[PDB]
Structure formats: structure tokens, C-alpha cells
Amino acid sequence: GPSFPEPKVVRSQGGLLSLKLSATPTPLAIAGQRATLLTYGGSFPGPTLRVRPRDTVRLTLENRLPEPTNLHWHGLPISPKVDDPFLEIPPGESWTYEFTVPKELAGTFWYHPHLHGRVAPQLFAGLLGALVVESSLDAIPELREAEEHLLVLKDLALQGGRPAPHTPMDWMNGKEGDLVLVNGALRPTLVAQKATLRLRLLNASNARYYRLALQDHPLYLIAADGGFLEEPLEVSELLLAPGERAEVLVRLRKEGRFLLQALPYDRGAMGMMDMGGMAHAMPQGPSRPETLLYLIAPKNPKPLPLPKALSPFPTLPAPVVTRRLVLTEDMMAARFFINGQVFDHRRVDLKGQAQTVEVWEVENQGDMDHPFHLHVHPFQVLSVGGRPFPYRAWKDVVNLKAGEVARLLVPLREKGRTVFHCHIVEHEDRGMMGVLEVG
């Protein structure tokens, strides 16, 4: 096959993407060993769905797992009556998700389970895939002539040829695995044929962070979770928290081999020690550095010029309300709270009005990083930790370090009941989720 493994793509045909997926335990070869994973479509990652605005998606999910499951269309501003976080598909049953892709949309999205209390083991076991909304902007020459690749960043740990079970400490920290994979492959080689790459990046890990840096190169950020930036932004490294996506251009500068690495990053995960008195929680400290892939540049590379502009960011109406959502932890209990409460699917926490704009101030009063996710309603990050964000783009996950406040501008789009939650999915399963109702 290709040097660079990527999930097989399913494209809409004549404006319709009609597909039956099964969620199933699946023997496969991964990272050179046999294992049984839980997969969509028989593969890990699941197939990449590639659509355009105004396409119809008709996805029938057949549940062949021994437990109930459902799908969250992560990042898509569609109705929560379709992207329904409360729906349960029992074992052996099927459900058809049907929606129209919004007109004003572009970027990399993804799909995964969202059945409260079961997300973390289902996602860890292999249930996830990408969705790409292709744009008329992809025809500008500076993007069309780039070599495009999707990188699904997701780690795994195997025990007995199956995903390793969750321990108590995994429920507290979020589970990370020792196999740090790209598109299900261990440290693949990307032999570039063009001097400009356009990389779609997805962090589909339960809890692992990827502090991305390409040796000897900057990255040019051109899209965040839910859409393009207004113009490319040069960065020396890019932190992708669980659930985040980004698209970057890479402008290869000379022949050679360059490592794409996940550089050491301390997200506040905790261990336990006993030193005589004790036992007490102690910080795990930074992650060990990981090589994600080997990038081989072509001979005599001469990258394209960068595009001068991408997409203008919408002018939003003035906001009508300011919310404040405070995140806290009880680590030894592995319990996690928003404004002092755990999730209750019967309780509405916030009630807002469709087509108004809200300011949400999300404050992390814990010691771990928490990546905050809001379904259905993409947002503009104004500032985090008191620092203004350096670009305007739609996001749907924002990472908060310990102590930091994020200020978000949140246009409320579709009516209905939806959720917001930490995207360290163990923390959502353990209570860090609340209910927004839009009317």
C-alpha cells in the first residue's frame, strides 16, 4: 500500500452520503500485533466521510456491541434532535442519522460514541472516525496544489490482545496508552511528493495531549476545530487537546528526514506515592517525548506561496448574556463538577435563546488541564488565561490550564437540549457535563 496509511474515504455521491456502519468487535492487525478492537466499518480508525455543504448524510449505525451506544457528530452545528446525546441504541438495534450539511461550513470533524458513563471505554477501544467538509476554498491554487493528508492522533494500550481495561487512576486522569499511533499505524513514514503539505490533524485520544512540532520547521495554521482562520498563522508548535482539530500547511525547506514529534507536556495527571508518611497524590509531570511520524522531504523542494487570505470570520451580533461555568475536581473520588454539580440528564443547567450571542466565561479551578467542549453551537475563543487569542475561527473545544479563564463568544444556533462537557472523556463519564436548552 502507500507509505502513509490513511483511513479509507467514503464520498457523497450526487449530494447524498448514504452508508450503513456497524459498531463491532473486530480482529485486526495493528502496530504489528493482532488485537480485537471495537470499530466502525471494520477498521481503526473508522472510514473518513467526505462531504460538501448542503449534502444529505444518511448514516445507519448498527450496534453490534454488547452494550448500548450512540454517535456524536462532533463539531457539526446541526440539530440536537439528530446529534442527540441522550439517545441509546441497544445491542443489536440500528438507528439512522439523517441531516443536511450546513451551507457555511468547512473543516475536519469527527464521530464517536456519546452514551454517558460508557464513552471512555468505547472510544478507547477504537470507536472513532473523521468527517471532512470540503470547501470551495480548497480550489484556490495555494491549497489545491498542496499534498493533503489526514492525521488521526490516537493512542492505545493492549492487554491480552484487547484494549487494556480502565483502572481507578485512569478514571481520575483519563487513560493514555503506550502505543502512540497515527491513523492506527506506529510511527509511519510520510514520503512527501510535493513541497507543500496540507495536514488535517485530529486528536481522537481519550486524554493524551499532542504538543506538536516538526523538526526544523514552523507550522502554518489555516483552520481550527470548526473552520478556517482568516489568514494563515505561523506557529512554532501546536498543542492539540483531546477532541481538537487543526489544519496546517507545512512548507518543506530542504531535502531530508524530519521528525513530527509530540513534545513533553504536563497536563496535570497525578500518581500516588508513599514515602514514609503518606500515601499522597503526586504530579506525574510532563509526558515523555514521542515521535509521531517520519516526514521525508522531496528533492529540491520549492513550496508554494502561502494563501494571503482564507475565510473572513463572521461579524457577530452583540451578546445578550454572560455565563460563568466553574470547573472543579475531587481527584481521589474521581469526581468532576461544573458550578459545583455533576451531570444529571433530567436537569437543565442553562437556558438560552436561539440566534442570540452569549459570552461564556469558563474557569478551570482544578489543577489538571480540562478541554471544554460544547455540542451543536461552535464558538469564537476571545481569550484564555487573560491572553487574547491570535486568530478568529470557529472552535468547539477549548483547553484550559489550571487556573485559566476562557472567554468564549457563543452564537446559539439550533433549538433543543444539548450538552457541554470536558473532553477528557473519563471526566465526562464521571460527571463533568451539563445541559443547555436553547429555545
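Don't overthink the numbering: it's just position in the shown sequence, from 1.
When the two stretches 294-302 and 187-195 are set side by side, the higher mean Cα temperature factor goes to 294-302. For the two regions 2-10 and 428-436, the entry's Cα B-factors average higher over 2-10.
The entry assigns its greatest Cα B factor, within the set 80, 242, 168, 113, to 168. For the set 222, 202, 263, 342, the PDB entry assigns the largest Cα B-factor to 342.
Among all modelled residues in its chain, residue 23 ranks in the middle third by Cα B-factor. The deposited CA B-factor of residue 33 belongs to the highest third of values across its chain. Residue 44 sits in the middle third of its chain by CA B factor, as recorded in the PDB entry. Among the modelled residues of the chain, residue 50 sits in the lowest third by CA temperature factor in this PDB entry. Among all modelled residues in its chain, residue 250 ranks in the lowest third by Cα B-factor.
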